[PDB]
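The structure under discussion appears below in the form of structure tokens.
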Amino acid sequence: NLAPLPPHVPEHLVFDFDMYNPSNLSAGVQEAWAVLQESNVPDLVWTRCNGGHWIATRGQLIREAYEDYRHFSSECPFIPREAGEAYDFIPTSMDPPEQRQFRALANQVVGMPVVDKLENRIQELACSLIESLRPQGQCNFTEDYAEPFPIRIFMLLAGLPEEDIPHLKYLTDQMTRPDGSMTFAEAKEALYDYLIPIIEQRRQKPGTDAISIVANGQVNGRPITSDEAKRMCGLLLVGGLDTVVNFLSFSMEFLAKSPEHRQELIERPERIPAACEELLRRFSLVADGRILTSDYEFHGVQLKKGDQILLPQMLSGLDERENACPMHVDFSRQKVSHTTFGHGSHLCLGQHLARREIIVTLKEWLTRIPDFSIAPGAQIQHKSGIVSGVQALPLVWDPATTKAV
Ligand code: HEM
Ligand SMILES: CC1(C)[C@@H]2CC[C@@]1(C)C(=O)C2
Ligand SMILES: [K+]
């Protein structure tokens, strides 16, 4: 339903966008969010949905607000308010200065040096999964690849059993795209219920997995607390299980629908890194935000202490003011402007792992299955939330057009 309009919000700024079920969803989720960038829509609107909150609709404002942590705090970064209040992951629920010390520790477990120790295993799993599908001439891409590839890599990194994936993936999804059965607070507590014993165990008997490294880590030279380690590990799980997983499906849906972009990357494989970046712009998928720390006039709009503002990372790169013909995918685009991995002091720490997983997927899939399509008569349905995704992606191909490496 629609929350009562706060006294300070004028009627002319009301645009009742629902980030968990946007009205234009059938057009594609990016398309659905892009309604906020039609010419008649102001740069900053109020929606009465999901408890009531601001939405910045343009890259300029989104970037400004992410830079200004003084006014726009990460203490309550999710909508609805109950979710943002319960949200206590580290480093994301902290502002500078206290946030910064935790980034280095997170870098030890998901940063570039670790991508290096994983490189071969990433490559091997992608190739194995794709070769298994190749002779079938069909797959359900979400369940058959988009989930198991990044998730099994994360579970390896974290030293967690693969049989725990269904439970962990369910919990993670309630924090980003709740089905209604659990509040954010309940999902978070369930995730902590999982992690607590494991963190204890690995502080007693450290291994070399990511949970052990975090749980025994130092932050600016002093020991991390069990509490802090839990709040960091919860965030790593969510990043591992619900980011790349969704992004791969948007990318593969696009490639299934655009043979000439497939051919471009097959003919000119050196373009794959650039293609990855353009796809990250076009199929950007995250939208969280901030809470006002004080009353503040921003771009001529009165904001009040405690107001939440959604700052959709998704939207900056889709803004025509940042990229011309923004819904068009051009792998040769010269300045690919986006905030897909965030902006300001909270820039994604998992982005190198993410790019590796994306690039390996594009190369190893097109190597083996260059020619594929959406299944006959399928209409691909998206889903929206803090991280958006694809409900199902049935693909088909003729095995005769494939190549076993
Ligand atoms: C396509 C893949 C991904 C996208 C689009 C993405 C997006 C983002 C965004 C937008 C933020 C900033 C949120 C904010 O400012 O409130 C962020 C932060 C973060 N991400 Fe990523 N992410 C991805 C993959 C990953 C992965 C795979 C991991 C770990 C396995 C990860 C770990 C983190 C962490 C730890 C932060 C917190 C940084 C901080 O708060 O200081 N992300 N990500
Ligand atoms: C917004 C995010 C993508 C970023 C990493 C996981 C996520 C859901 C967060 O809670 C912070
Ligand atoms: K909070």
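Below, all heavy atoms of this structure are taken into account, side chains as well, without hydrogens, waters or symmetry copies. Order of listing sets the numbers, starting from 1, for every ligand and every atom in it. One-based numbering along the sequence shown.
In summary, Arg281 and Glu278 engage in a salt bridge, as defined by a charged side-chain N under 4.0 Å from a carboxylate O. A salt bridge is defined here as a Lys NZ or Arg NE, NH1 or NH2 lying under 4.0 Å from an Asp or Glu carboxylate O, and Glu131 with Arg134 meets this definition.
Taking each of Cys276, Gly239, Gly289 in turn, the one with a heavy atom nearest to atom 27 (C) of ligand 1 proves to be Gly239. For atom 21 (Fe) of ligand 1, the candidate residues are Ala287, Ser345, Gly350, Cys348; the nearest heavy-atom contact is made by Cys348. Of the candidates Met232, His346, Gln99, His346 brings a heavy atom nearest to atom 12 (C) of ligand 1.
Taking the side chain as every heavy atom from C-beta outward, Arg177 and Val387 approach each other to under 4.5 Å. The closest side-chain heavy-atom distance from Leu353 to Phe154 is not below 4.5 Å. Considering only heavy atoms from C-beta on, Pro80 stays 4.5 Å or farther from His53 through its side chain. Using a 4.5 Å heavy-atom cutoff, the side chains of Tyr170 and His167 are not in contact. In this structure, the side chains of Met175 and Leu241 stay at 4.5 Å or more apart for every pair of heavy atoms. The closest side-chain heavy-atom distance from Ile386 to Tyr87 is not below 4.5 Å. The shortest distance between side-chain heavy atoms of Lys169 and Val245 falls below 4.5 Å. Using a 4.5 Å cut-off on side-chain heavy atoms (C-beta onward), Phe283 and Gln30 make contact.
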>> Show, in sequence, the C-alpha distance, side-chain angles and deciding distance for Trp54 and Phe298, and conclude whether the side chain to side chain contact (heavy atoms under 4.5 Å, CB included) test is met.
In response: CA-CA 11 Å; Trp54 298 103; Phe298 188 63; over 6 Å; no
>> Applying side chain to side chain contact (heavy atoms under 4.5 Å, CB included) to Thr340 and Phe247, what does each step give before you reach the verdict?
In response: CA-CA 11 Å; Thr340 290; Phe247 180 76; 5.8 Å; no
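For a distance bound of 3.4 Å, the N, O or S atoms of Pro77 include none lying that close to the K ion (ligand 3). Backbone or side-chain N, O or S atoms of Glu75 reach the K ion (ligand 3) at under 3.4 Å.
Taking the ring centroids of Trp365 and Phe149, they lie at or beyond the 6.0 Å cut-off. The ring of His382 has its center closer than 6.0 angstrom to the ring center of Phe250.
Of the N or O atoms in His343, none lie within a sub-3.5 Å distance of an N or O in ligand 1. Residue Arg290 places at least one N or O, backbone or side chain, under 3.5 Å from an N or O of ligand 1. For the pair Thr339 and ligand 1, the shortest N or O to N or O distance does not fall below 3.5 Å. Between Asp288 and ligand 2, not a single N/O pair is under 3.5 Å apart. Checked by distance only, ligand 1 and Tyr66 stay at 3.5 Å or farther apart across all their nitrogen or oxygen atoms.
Of the heavy atoms in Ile358, none comes closer than 4.0 Å to ligand 1. Looking at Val244 against ligand 1, both its backbone and its side chain come within 4.0 Å, counting heavy atoms. At a 4.0 Å heavy-atom cut-off, ligand 1 touches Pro91 through backbone and side chain alike.
Shortest contact from atom 1 (C) of ligand 2 to any protein heavy atom: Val286 CG1, 3.6 Å. Atom 35 (C) of ligand 1 has its closest protein heavy atom at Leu235 CD2, 3.6 Å. Counting only heavy atoms of the protein, atom 16 (O) of ligand 1 lies nearest to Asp288 OD2, 2.6 Å. Looking at atom 5 (C) of ligand 2, its nearest protein heavy atom turns out to be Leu235 CD1, 4.0 Å. The protein atom (non-hydrogen) at minimum distance from atom 24 (C) of ligand 1 is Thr243 OG1, 3.1 Å. Looking from atom 7 (C) of ligand 2 to the surrounding protein, the closest heavy atom is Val238 CG1, 4.4 Å. Remark: minimum distance from atom 10 (O) of ligand 2 to any protein heavy atom is reached at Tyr87 OH, 2.7 Å. In terms of protein heavy-atom proximity, atom 6 (C) of ligand 1 is closest to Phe341 CD2, 3.7 Å.
Between the side chains of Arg290 and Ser74, a donor-acceptor pair is found at a separation under 3.5 Å.
Within ligand 1, the atoms closer than 4.0 Å to a non-hydrogen atom of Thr340 are 5 (C), 7 (C), 10 (C), numbered from 1 in the order shown. Proximity to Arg103 (heavy-atom distance under 4.0 Å) selects the following atoms of ligand 1: 38 (C), 39 (C), 41 (O). Proximity to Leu285 (heavy-atom distance under 4.0 Å) selects the following atoms of ligand 1: 5 (C). If you number the atoms of ligand 1 from 1 as listed, the ones under 4.0 Å from a heavy atom of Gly240 come out as 30 (C). Heavy-atom proximity to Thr92, at under 4.0 Å, picks out these atoms of ligand 1: 16 (O), 37 (C), 39 (C), 40 (O). Every atom of ligand 1 is numbered from 1 in the order shown, and the set under 4.0 Å from a heavy atom of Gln313 is 10 (C), 13 (C), 14 (C), 15 (O).
Here the angle centred on the K ion (ligand 3), running from O of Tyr87 over to O of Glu85, is 90°, rounded to 10°.
Ring-plane geometry between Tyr145 and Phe141 is classed as parallel, the angle between the planes falling under 30 degrees on a 0 to 90 degree scale with a further cut at 60.
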